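Inside the fold
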Amino acid sequence: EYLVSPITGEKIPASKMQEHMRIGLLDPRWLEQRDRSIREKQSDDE
RNA sequence: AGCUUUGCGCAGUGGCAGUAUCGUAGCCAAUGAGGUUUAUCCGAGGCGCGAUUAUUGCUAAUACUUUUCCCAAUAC
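Rules used in this analysis
Residues numbered from 1 in each chain as written, not as in the entry; some residues may be left out. Chains lettered and ligands numbered in written order. Part of a larger assembly, values for the part shown. Heavy atoms only, no water. Near = heavy atom within 4 Å. Polar contact = N/O pair within 3.5 Å; in protein donor to acceptor, adjacent residues only side chain to side chain. Helix = DSSP H or I, 4+ residues; strand = E, 2+ residues; numbered from the N terminus. Nonpolar A, V, L, I, M, F, W, Y, C, P; charged D, E, K, R; others polar. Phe/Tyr/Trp six-rings, centres within 6.5 Å; stacked < 30°, edge-to-face > 60°. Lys NZ or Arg CZ within 6 Å of the ring centre and 35° of its normal.

Its PDB header attributes the entry to cryo-EM and lists the resolution as 3.1 Å.

This is the structure in structure tokens:
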């Protein structure tokens, strides 16, 4: 179902539109925080 | 042709509070979250996890000496 994105404007259909609204608004700082957590929580000695 | 309403942006001028702000390729949620009162009634976010000066950035405070010139006859 060729819809319109209020973020980009591409023609995303009915079902994957919802996921688009969860990804297109995902905070870029979340990626940095998750990579920081991986780097900090996996370099620890037992 | 002004007047005006709603929502959304960009700003400007203020006021208020730092026990709160944000994140959520984690989960659940109008096919119903949560319900202590008004329950054959109300009606949205909630939980877990994470960051932190209980939002985050800047700006400023916490010192003087290198050089470079020299003495001499109108004489056996």
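Structure shown, so let's carry the discussion forward.
1. Some thoughts on the protein's contact with RNA strand B
Lining the immediate environment of RNA strand B, one finds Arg22, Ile23, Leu25, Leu26, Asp27, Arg29, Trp30 and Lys41. Within 4 Å of the protein, the contacting atoms of RNA strand B are drawn from sugar and phosphate to the extent of 71%. The side chain of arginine 22 places a nitrogen or oxygen atom 3.2 Å from a sugar or linking oxygen of RNA strand B. A distance of 3.2 Å is found between a sugar or linking oxygen of RNA strand B and a side-chain nitrogen or oxygen belonging to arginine 29. Contributing elements (two or more residues each) for the surface near RNA strand B: α1 (14-23) and α2 (28-41). Taken together, the residues of the surface near RNA strand B break down into 4 nonpolar, no polar and 4 charged.

2. Let's talk about the packing of aromatic side chains
Taken as a whole and assessed by the stated rule, the structure comprises 0 aromatic pairs. The ring of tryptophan 30 carries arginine 34 above its face, with NZ or CZ at 5.5 Å from the centroid.

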